[PDB]
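Structure 1 and structure 2, given next as structure tokens, are two forms of the same protein chain, each shown alone.
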Structure 1
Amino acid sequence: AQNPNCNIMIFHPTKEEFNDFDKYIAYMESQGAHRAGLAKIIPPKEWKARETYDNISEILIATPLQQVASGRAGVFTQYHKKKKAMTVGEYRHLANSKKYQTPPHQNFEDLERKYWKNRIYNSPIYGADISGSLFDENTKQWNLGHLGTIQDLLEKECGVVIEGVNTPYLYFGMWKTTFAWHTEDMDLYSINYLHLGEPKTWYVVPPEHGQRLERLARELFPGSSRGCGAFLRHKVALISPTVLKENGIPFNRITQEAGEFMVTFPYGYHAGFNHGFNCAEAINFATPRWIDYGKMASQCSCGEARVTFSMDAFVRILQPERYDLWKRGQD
């Protein structure tokens, strides 16, 4: 069995290997990469996403989210308070202000310590989930706006044509902006490219151990767990590495830098934080190996998780017994 300890693997494809996305995902899996839940892909030196980032300041963040925490430093939830719209140039200035800027630090480990110690005492503002793309249309390799769609994959695998579309999202971050513990909608893959700026630290639980994380989460968030049998779908709970180690939960960590891709694999729980002003682009995707995960994915039906148009068909076709209850949650 490849990668039996479920370590995060890092890949350095050549320019020839970077041509065929599906084939390279399948290669990574042949080497055991999925067992970690997360892999890093460093593009060949010949490649670029676009020519420059000098002209992005006028992109609008229509609904910046202030991430307010509740709890204790290692075990907290966050809620998202909506703020007034601002441009990416306005948000960059905000991120660099004395109130929000990254503190002085020695290295990524010192910054990680500072994050876990102090996150809860601040409310950073995240420009998340903005439909759009920063890939040049002429970038032919690993262009996250030109991937095969999940609807087309389901059709290729299962023969059923469905409605829906699949487009990427931009994330503009600052110090301490946080992504809560989650798997993707319908336990899909995700791919995330860090276009510019400061790093993003990730934590991940191997898919084979995801239920251990869920059982901890039910213990640590007992009211939330009573409210919803899949409350990590709400994407609000944080648990620190120290707490995970104290409870024996298997996980790994890695820091993504600008110019690097990360891939999350079906049912790989992940969480993390941004080091400073940055911009990432991410999208979900599927492969043949996903289908069995999609059929078994948990679902939130309490009404909180509220998701995209295109999840309807995935539930309807892969999970027809759950469909009626899930759809009640959506309405």
Structure 2
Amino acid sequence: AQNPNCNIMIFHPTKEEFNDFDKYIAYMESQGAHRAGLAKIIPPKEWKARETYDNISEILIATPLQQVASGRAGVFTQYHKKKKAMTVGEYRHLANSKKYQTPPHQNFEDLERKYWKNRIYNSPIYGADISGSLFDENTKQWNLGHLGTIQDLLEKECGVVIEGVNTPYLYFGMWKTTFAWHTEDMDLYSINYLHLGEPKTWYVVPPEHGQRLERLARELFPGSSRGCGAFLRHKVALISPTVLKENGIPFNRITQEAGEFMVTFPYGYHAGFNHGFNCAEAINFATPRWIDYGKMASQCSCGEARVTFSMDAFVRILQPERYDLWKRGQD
């Protein structure tokens, strides 16, 4: 078996290899990339997402989210407090202010140490799930707004036509902004492009070991576990690399820089944080290999997770028992 230790692999496709998205994902998997739960793809030197980022300041962040922590430094939850709307220009200025700016640091490792030591004592503001794209319409390769849709994948594989659409989301981050431990809806893939700014550090558990993370989470957040059989779907729980190591949970880490893609694979739990002001774009996608994961995906039915319009058809078709039971959380 390829990549038996489940290491995060980094790929350098040529411009020719960058033409056929599906084919390259399949190639990455032939080399065992999916075993890690996460891969990095560095685009060919000839490629660009768009010409410049000089004209993005007028984008609106309608509902910036203040990420307030509760718990201990290495085991905490965060809740999202809604703030007043601001433009990307205003958000950038806020990110760079004395209150919110990245502290002096030696390197990525020093910054990581500072993040886990001090994250809970601050409440950074994140711009999340803003529908939109920063890819130029003329960018033909790896344009996250031009991917084949999940609905079309299901139709190609299973012969059923379903309602729903599948569009990208923008994320504007600042120092300490955090993504909690999660897999994607329906255990889909995700692809994430860091358009500009400071790095994003990622942690990932191999899909073959996801249930180990779930078991630890139940132990560390016992009240949350009693409330919902899939509470990680709420996307609020953080566990540090130190705590993962202490509990023998297999995981890896990597830092994504501007101009780089990351792909998460079905049932690859991931979490992470931003180093400073940045902008990323991400979308879910599917392949034939995803279908078996989709049919087995856990679901939140306690009402906390209540997800997109397009998720309905996925549960309805792939998980009819669970759909019937839900009808008898989203509503």
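Take the two forms, superpose them, and find the largest set of C-alpha atoms that agree within 1.5 Å; that set is the rigid core. Residue 1 is the first residue of structure 1, and the numbers go on in sequence order from there. Only residues modelled in both forms are compared.
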Legend entry - Identity of the form solved without 5-chloro-1H-indole-2,3-dione, given as 1 or 2: 1
Inset, instruction - Would you mind giving the Cα movement of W326 between the two structures in Å, after fitting on the rigid core? - result: 3.1
Inset, instruction - Report, in Å with one decimal, the C-alpha displacement of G159 between the two structures after core superposition. - result: 0.2
Legend entry - Mobile segments between the two structures [3+ consecutive residues, each C-alpha shifted 2 angstroms or more, core superposed]: 324-328
